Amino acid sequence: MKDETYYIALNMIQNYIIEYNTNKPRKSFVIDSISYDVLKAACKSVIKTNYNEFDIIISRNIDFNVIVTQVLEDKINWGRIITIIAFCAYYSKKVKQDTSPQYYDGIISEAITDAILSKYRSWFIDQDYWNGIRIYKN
């Protein structure tokens, strides 16, 4: 359900995707700013390294939620989480509507949150939520 854990996950992911799309700082809207900055830097690295591959992936008739659930079907780790968020941020900006400021941050962030918490809620809590991402600080 949509409990505290759900919002701890969702609020981090959705604020990052908003920042990526709008180029406005969103760290002050999350509780864990240190881990947000780690997430942001790690996604930036993934995108810089792999955007051409992402471009080929997105040129096809894709459902992003199938992609997300495929990554997490059998196991989770922080590199996987970072790569999902990075890909999905990159995707969101590419699929933004021309005639509205709709970049689908709601459905995309909720899908990522649900894919994490449907099978890995105890793992996430045991990581102390986003604290476990700090192993990727620089």
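For every residue, the number given is its place in the sequence shown, counted from 1.
Mean CA B-factor, 120 to 128 versus 8 to 16: the higher value falls on 120 to 128. Remark: stretch with higher mean C-alpha B factor among 76 to 84 and 27 to 35 is 27 to 35. When the C-alpha B-factors of 108, 42, 56, 66 are ranked from the entry, the top spot goes to 66. Among 113, 61, 52, 100, the highest C-alpha B-factor in the deposited entry belongs to 61.
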